[PDB]
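Numbers restart at 1 for each chain; the letters A, B, ... are given by sequence-line order, proteins then strands. Hydrogens, waters and symmetry mates play no part in the numbers below; they use all other heavy atoms, side chains included.
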Amino acid sequence: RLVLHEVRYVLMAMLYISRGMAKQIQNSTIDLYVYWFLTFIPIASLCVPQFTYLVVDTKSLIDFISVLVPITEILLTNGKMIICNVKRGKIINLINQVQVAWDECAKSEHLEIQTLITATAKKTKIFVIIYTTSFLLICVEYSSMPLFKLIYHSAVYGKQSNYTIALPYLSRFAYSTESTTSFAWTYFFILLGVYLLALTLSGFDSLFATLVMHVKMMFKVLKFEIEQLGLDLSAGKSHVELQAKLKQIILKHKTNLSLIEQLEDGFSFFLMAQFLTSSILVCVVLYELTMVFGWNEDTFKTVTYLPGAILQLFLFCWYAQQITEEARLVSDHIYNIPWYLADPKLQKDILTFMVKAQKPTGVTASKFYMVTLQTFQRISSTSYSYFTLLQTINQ
Amino acid sequence: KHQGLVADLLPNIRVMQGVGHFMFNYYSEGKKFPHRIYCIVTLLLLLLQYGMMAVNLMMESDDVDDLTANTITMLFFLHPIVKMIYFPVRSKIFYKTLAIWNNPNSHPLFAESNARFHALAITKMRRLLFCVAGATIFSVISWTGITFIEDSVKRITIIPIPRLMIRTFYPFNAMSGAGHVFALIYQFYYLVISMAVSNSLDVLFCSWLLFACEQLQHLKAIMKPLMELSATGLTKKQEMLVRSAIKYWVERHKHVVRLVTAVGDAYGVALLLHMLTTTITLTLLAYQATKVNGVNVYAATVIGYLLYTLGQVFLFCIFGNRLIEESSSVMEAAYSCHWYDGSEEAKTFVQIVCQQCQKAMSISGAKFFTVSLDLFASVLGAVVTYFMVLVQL
Amino acid sequence: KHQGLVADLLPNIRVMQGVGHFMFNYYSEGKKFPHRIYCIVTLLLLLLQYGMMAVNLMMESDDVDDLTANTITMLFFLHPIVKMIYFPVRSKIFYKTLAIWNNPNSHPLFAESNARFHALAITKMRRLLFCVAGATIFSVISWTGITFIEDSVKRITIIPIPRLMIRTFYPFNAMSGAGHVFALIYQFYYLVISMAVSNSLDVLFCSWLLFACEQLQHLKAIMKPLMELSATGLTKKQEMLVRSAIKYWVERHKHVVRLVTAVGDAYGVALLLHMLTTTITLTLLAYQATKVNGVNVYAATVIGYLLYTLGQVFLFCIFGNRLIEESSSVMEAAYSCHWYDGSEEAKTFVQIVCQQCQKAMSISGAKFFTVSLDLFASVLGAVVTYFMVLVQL
Amino acid sequence: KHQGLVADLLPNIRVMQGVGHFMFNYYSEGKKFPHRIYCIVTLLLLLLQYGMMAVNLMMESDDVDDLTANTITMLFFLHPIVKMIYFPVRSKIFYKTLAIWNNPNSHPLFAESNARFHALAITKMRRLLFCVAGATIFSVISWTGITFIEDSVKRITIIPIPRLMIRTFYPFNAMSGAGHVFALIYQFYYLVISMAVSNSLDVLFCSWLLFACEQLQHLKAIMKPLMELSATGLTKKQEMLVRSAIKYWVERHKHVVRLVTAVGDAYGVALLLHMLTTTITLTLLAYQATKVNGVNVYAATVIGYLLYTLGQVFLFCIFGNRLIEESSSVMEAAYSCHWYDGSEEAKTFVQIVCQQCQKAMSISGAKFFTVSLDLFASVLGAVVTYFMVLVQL
């Protein structure tokens with residue numbers, strides 16, 4: 001029970017929803033305002049100081065770009081916070097509808113559907129756990145490295161350590177930090193902001209992927225029902241029974257299409273902003289690497305900044321591709337039954353079904369384009385072309 | 001100013017007539033004479049200033065940067081002149097379009113939704129007109145202010161240059177005397193009128209598109225209960241009712257298609273000319289942006305030019321894309337009813353409609369491109385790539 | 001010269017034969033021998049002149065500007081040679097295409113529409129042929145005049161050069177004596193013949209396309225009354241009549257499809273070669289335009305070259321685009337009849353026709369591209385972008 | 001061997017096994033153990049040579065041109081290693097594909113046609129293999145030829161370099177008689193084996209596609225007598241006969257679809273890796289072509305590299321494009337028959353088949369793209385554009 005269980009846990013850990021573990025989640029304004037207040041925390045603790053340092057303290061273009069990449073990632077995460085806070089109602093309604101569909105499926109008497117259910121649950125749990133754990137580990141390490149350095153230095157060299165601690169990021173605040181109290185409180189707020197951002201990234205990416213997985217499971221259930229209709233066609237049952245079975249199949253198809261519609265409605269702007277920012281960051285980091293090519297310390301940072309961006313893009317591209325692929329394959333599933341054994345009326349109904357099922361249905365990026373794996377291919381091609389042209393035109 | 005689609009757009013028609021977009025068609029003949037002269041005068045004034053601008057560009061060709069700025073100004077102010085001359089030559093097709101919806105169809109069962117969506121369309125048209133008017137006024141005020149916050153100076157040594165909103169050569173001493181204030185008044189009038197005519201023609205195009213989209217919305221809304229009417233064996237009267245409803249739906253869809261084709265006929269060449277001018281404007285603007293260093297006046301001017309140009313393109317693309325989306329989504333609206341429970345006529349009608357809807361309605365810029373957000377994305381990518389190539393070199 | 005689609009194209013065939021496009025098929029056999037020798041002679045002369053141009057390229061390779069001009073001329077005059085050789089090797093498919101419409105179908109009810117649209121097609125072919133001939137003559141006259149308005153001088157020091165319409169190397173002294181006038185006459189004949197052969201082949205292609213488009217127009221025009229013929233249940237005579245009308249419509253559509261496929265087979269490789277030569281021509285022409293400064297002779301020559309090349313491409317693209325548009329609009333014409341009032345066979349016929357019209361007829365250049373205004377726009381954008389990059393560098 | 005689709009492709013399988021392409025599936029068990037050992041040795045040898053090349057790259061990295069040459073050779077010879085390792089890991093899906101057509105459908109009326117087209121397929125397959133084999137051999141010979149007509153020298157002063165067919169570092173002397181002869185023999189073996197394995201896998205893919213296309217051709221050819229059988233009210237026996245014919249058609253079409261799906265599953269990642277390598281190959285090759293100045297050896301080597309790379313890409317693309325064209329031609333041929341004379345079942349069958357065929361079969365490089373002439377055109381355009389930019393800079 002409780003589809004997206006680990007997703008509900010991670011969302012609750014963020015205060016996004018206070019009653020996530022309910023069968024029918026409720027949208028309450030208290031969560032909305034609490035989440036807005038939380039959203040304003042990383043902006044003040046991370047975004048503003050880093051942006052101020054970027055604008056003021058930077059002395060060269062290399063430093064500008066190196067400081068600009070992480071700031072861009074943080075700004076994108078904050079934008080994700082705001083976008084999902086705005087789309088709260090649609091996202092929650094989508095989760096509720098997915099839960100309703102899962103509850104309807106779980107009453108099945110067919111072992112194939114039960115196996116699908118168990119596989120889907122296991123997949124979602126494992127994916128959520130891995131993704132959230134990895135991102136929390138990365139962010140915690142990056143933030144707390146100097147704290148661990150201080151602890152280790154104090155333990156080893158005692159009071160003779162010639163080590164002075166500094167904040168986890170290169171940033172400039174409006175007030176001083178030489179005071180111990182101010183330093184401690186700013187550090188605590190920085191950790192709170194980092195924790196919120198990491199939970200945002202992990203939870204919302206996991207929510208998108210897991211909703212895609214559940215829609216895929218629903219499409220597989222539809223495939224099973226179509227195959228059962230084919231078997232009933234072969235067995236030669238009267239016309240009315242075949243009409244009823246086809247009607248049920250069409251209703252299930254409509255339900256799955258509605259779920260895809262809701263997912264697209266909820267995540268269109270999210271995907272658009274994600275892809276735009278990721279592509280621009282890839283171009284910027286490629287430029288920086290070109291300017292500082294060769295064996296040196298600078299190349300390391302860019303080499304680290306890239307893989308996060310590429311994998312984050314690939315996740316969304318892969319799962320949007322799965323949605324599109326299943327929606328398309330519905331047509332093949334309906335073509336492969338022995339429709340020629342049915343009298344012409346049922347064949348015409350199947351023809352309308354097939355006409356609808358062939359239309360490309362997926363998830364768009366603000367309607368600019370439909371997201372699939374070809375989108376990742378195009379981004380990669382443009383990145384490679386930009387890289388090569390930059391190298392040649394350099395001299 | 002009575003029949004449908006002219007009463008709805010009457011405020012926009014009045015704006016266009018007021019600015020000087022000819023259109024000696026939608027008032028009493030008594031006003032037919034005077035207005036005409038006014039139009040001519042406006043045109044002449046425009047050309048005059050335009051000519052006096054071009055002359056300046058002739059003696060500003062010694063340098064490249066000033067030449068680039070003058071060329072950008074000339075193209076920006078060429079847009080309105082092209083539009084103003086373009087309308088009267090095609091006034092025949094324009095008036096044919098404005099009278100397309102004079103005698104639409106009607107069915108008793110769908111009158112309420114028809115009226116509701118007609119009213120919604122009118123409200124959306126008025127909102128669009130007011131928003132574009134506000135944007136135009138804001139642009140005029142921004143120009144008139146930026147011309148004053150900055151400092152008028154020519155670099156050679158330092159040589160003072162008359163403080164004017166638009167660089168121009170004048171026979172008189174337009175520096176400090178009454179010629180200065182006359183030049184400011186004339187340039188303000190020029191700015192207001194040029195922006196007004198250009199944006200008003202654009203708004204008329206977009207309003208046609210909005211009306212088409214709302215008619216498609218009404219078609220889907222009534223698609224939902226049409227099948228329920230069909231589903232129910234049936235008596236002769238019910239079959240006749242289903243036939244009449246299907247006839248109404250098909251005829252209204254054909255009417256919308258006719259309107260879209262007429263709009264394309266009317267505005268394709270105008271779109272082509274707009275994009276042709278834009279291309280060069282954006283090229284020069286990318287070169288200009290290559291020289292930006294800081295947040296001084298130069299940056300403000302360049303960003304303003306880029307924003308205005310891309311905003312015009314973006315309005316056109318928004319409304320083309322919306323038309324495409326509604327035309328496509330007709331199929332989704334047709335699929336989501338109880339078509340499997342209908343009679344044979346209703347199911348065949350749904351089949352044929354679904355087959356028809358596979359191709360989305362669109363407006364083509366003289367068959368060289370279609371207006372949609374894809375076009376805007378391509379334009380933006382092209383300009384960004386050109387700017388990157390420039391800055392690298 | 002008696003059967004359909006050859007009686008219609010007969011002026012085109014006669015012009016092609018007169019210019020020397022082989023094609024020994026459409027006259028009394030008594031003339032087959034003489035004409036043949038004439039054709040061979042022309043080719044020889046062409047190649048001869050062509051060769052002497054290439055020779056001149058070899059000794060002009062010291063500099064890059066003269067090398068670029070020579071290469072542009074060489075490709076421009078490669079076009080007609082390739083077309084002239086191409087026709088005879090593929091003559092069988094050409095003759096198959098020209099005899100494709102010898103036995104079309106006929107229905108009593110649709111005879112008047114067929115005759116009207118056939119006549120319209122013939123008039124359009126004649127108009128296109130006359131316009132292309134006029135353009136060719138204008139180009140020849142412009143070349144022959146510009147060669148005289150300019151000054152024949154070569155730069156090292158100033159070296160006088162023969163005043164000829166085409167740069168060429170001649171064993172004799174073609175400067176002042178009778179050699180000069182002989183060279184002038186020979187080069188005039190060369191220009192006329194080359195342009196004539198190339199443009200005549202292209203015009204035959206375009207005439208095929210126009211015939212196809214007019215047949216599609218006839219199909220739509222008759223689709224309108226076909227449904228009303230079905231709508232009215234029907235007595236057996238009425239059902240036979242509707243079946244006959246549907247048979248006629250489907251068979252005629254299939255015939256048009258056959259004609260389009262035949263044209264594609266005939267001319268795909270020719271299109272591919274034409275665009276292959278164009279690409280390099282346009283690249284070199286962009287580099288040449290990069291050197292223009294003023295309104296002198298050089299600018300006129302460059303603009304003329306670009307105009308001619310883009311005109312050939314534009315002709316191909318416009319006619320391909322027209323074919324695509326008519327084929328697509330068949331679906332709109334099928335939707336716009338009163339099918340909702342028709343019978344079941346008529347409705348199924350409409351559904352199948354819409355399914356078929358979902359895809360548009362087109363001509364592809366050996367499956368490597370399609371000829372449409374999109375191709376012309378892409379070519380133009382590529383050349384403009386290359387020019388911009390060149391000027392920046 | 002005694003089952004379809006492995007009987008037809010047996011020469012390809014035998015060639016693959018002969019060159020050391022694993023595939024221990026299609027002979028008596030007695031040869032299972034010897035063959036395996038051979039395969040391992042070949043792989044070992046391959047890798048060893050590869051490594052011996054890479055070491056050379058390390059000592060030839062201070063200079064930049066030889067770095068480019070070595071990298072191009074390394075990627076060229078990377079292709080075969082990747083294919084060789086790729087086959088065994090995915091051998092299960094390959095064997096699943098090869099066993100698709102062991103039990104196909106059969107109908108008395110369409111048997112003869114089937115047989116004919118089946119025969120046709122085999123013929124084409126054979127031709128393809130032979131052609132590719134020839135090409136492969138030619139390449140090897142040309143390679144060896146060039147290695148003896150050029151002069152083996154290195155620029156630092158001139159230092160004599162060992163005269164081998166591939167630049168490599170060897171513990172042996174590699175210049176005296178024994179080492180030189182052994183190196184020549186080993187490198188000849190390397191070239192033959194690498195080209196053979198790569199092209200053999202490619203030809204297997206293309207032969208699968210050829211078989212699918214010929215099956216589609218058979219379906220299109222037999223679709224006419226099917227309808228004529230339907231057309232004629234029908235007695236019960238005729239209804240059953242038409243139903244059996246429709247069942248045969250649909251089942252064979254579904255079988256072809258299954259075969260295409262299996263082929264895509266088998267070869268998608270191979271295509272993806274192929275194009276990933278080819279992209280860098282072509283980038284480096286464009287930079288290399290930038291330095292051509294007419295010298296026979298260098299120009300010939302660069303042209304050979306480019307020709308081989310683009311030929312591999314072209315083979316894949318052309319066969320994918322043929323598959324797409326046949327898939328759509330299925331709809332085209334379903335239209336062009338006497339359905340208007342048929343019964344309700346036949347017309348509904350036509351409608352459903354056309355609707356299904358609206359979407360063309362295709363092969364994708366793991367969904368990252370589609371293999372067709374468009375992909376080859378994109379690769380060619382990218383390389384040409386990069387070359388032009390490079391030469392201008």
Item to complete: Select one option (side chain, backbone, both, neither) describing which atoms of D:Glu344 are under 4.5 Å from chain C's heavy atoms.
Response: neither
Worksheet item: Tell me, do C:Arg243 and D:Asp341 make a side-chain contact under 4.5 Å, heavy atoms counted?
Response: yes
Item to complete: Check the side chains of D:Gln392 and C:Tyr386 for a donor-acceptor pair under 3.5 angstrom, ignoring hydrogens and angles.
Response: yes
Worksheet item: Just wondering, are more than 12 heavy atoms of other shown residues or ligands nearer than 6.0 Å to NZ in D:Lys247?
Response: no
Discussion item. What's the separation between atom NZ in C:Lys367 and atom SG in D:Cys317, rounded to the nearest 0.5 Å?
Written reply: 14.5 Å
Discussion item. How close do C:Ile246 and D:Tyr340 get, counting heavy atoms only, and between which atoms?
Written reply: CG2-CB, 4.2 Å
Discussion item. A side-chain contact here means heavy atoms from C-beta on lying under 4.5 Å apart; do C:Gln355 and D:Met331 qualify?
Written reply: no
Discussion item. Rounded at 0.5 Å granularity, tell me how far SG in D:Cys337 sits from NZ in C:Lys254.
Written reply: 7.5 Å
Worksheet entry | Nearest-0.5 Å distance that lies between atom OG1 in C:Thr348 and atom CD in D:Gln351 | 6.5 Å
Fill in: Heavy atoms of other groups near C:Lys96 NZ, more than 12 under 6.0 Å
no
Discussion item. Just so I understand: if I count every heavy-atom pair under 4.5 Å between each of C:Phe369, C:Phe368, C:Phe349 and chain D, which residue has the most?
Written reply: C:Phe368
Worksheet entry | Contacting moiety of C:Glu251, where chain D heavy atoms sit under 4.5 Å | side chain
Practice prompt. Report the relative orientation of the aromatic rings in D:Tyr335 and C:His253; use parallel for angles under 30°, tilted for 30 to 60°, perpendicular for over 60°.
Written response: perpendicular
